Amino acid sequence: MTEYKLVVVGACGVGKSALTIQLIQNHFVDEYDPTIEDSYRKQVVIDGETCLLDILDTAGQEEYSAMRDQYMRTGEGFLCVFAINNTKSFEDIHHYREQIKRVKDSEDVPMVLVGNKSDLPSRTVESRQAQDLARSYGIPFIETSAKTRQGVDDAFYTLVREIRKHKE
């Protein structure tokens, strides 16, 4: 059974946490203990191929700016996440992508852009703007809602598809 090592990157106050928590937890429990192993590993079926996701989310460690390379090196694929109500987190994406490319020493790293909606303030990044950015990078864009679980599976599964295409 194939195992995909995914890494989530993004600015603080963006709900990166929620994105990964909502993947892993049951569609109908709001409960989570991040201390146990099942916290960050999930078995899933994607395009009828069963596989294992291992997801690294270092949310809260953003100030350890010199550990990013170490954490990024662990991944095969990356979710670059911004919040639709924070323009600065969106403008920061360029920098995260550049750093990933340098860490993996590759121009073509499996990657998806993810814009996350939580709660107010209101949207400052129109999805058009993100579609345009994602397109300039040659990567998919997925918009998600923390609280309704809309888009969350799509975001991770799309990244897994990107890894498969890259490997073949």
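Residue numbers run from 1 along the displayed sequence.
Enquirer: Mind pulling up the entry and telling me whether 120 to 128 or 53 to 61 has the higher mean Cα temperature factor?
Expert: Averaged over C-alpha atoms, the B-factors run higher in 120 to 128.
Enquirer: Please compare 38 to 46 with 109 to 117 and say which has the higher mean C-alpha temperature factor in the record.
Expert: It is 38 to 46 that shows the higher mean C-alpha B-factor.
Enquirer: Give the position of residue 20 by CA B-factor within its chain, expressed as the lowest, middle or highest third.
Expert: For residue 20, whose C-alpha B-factor we compare with every modelled residue in the chain, the answer is the lowest third.
Enquirer: Check where residue 99 lands among this chain's C-alpha B-factors and tell me if it's the lowest, middle or highest third.
Expert: Lowest third of the chain for residue 99's C-alpha B-factor.
Enquirer: If you rank every modelled residue in this chain by C-alpha B factor, which third holds residue 28: lowest, middle or highest?
Expert: It belongs to the highest third of the chain when residues are ordered by C-alpha B-factor.
Enquirer: Thinking about Cα B factors across the chain, which third does residue 12 belong to?
Expert: Its C-alpha B-factor, which the entry lists for residue 12, ranks in the highest third among residues of this chain.
Enquirer: Sorting by Cα B-factor within the chain, modelled residues only, which third would residue 152 end up in: lowest, middle or highest?
Expert: Lowest third, going by the recorded CA B-factors of the chain.
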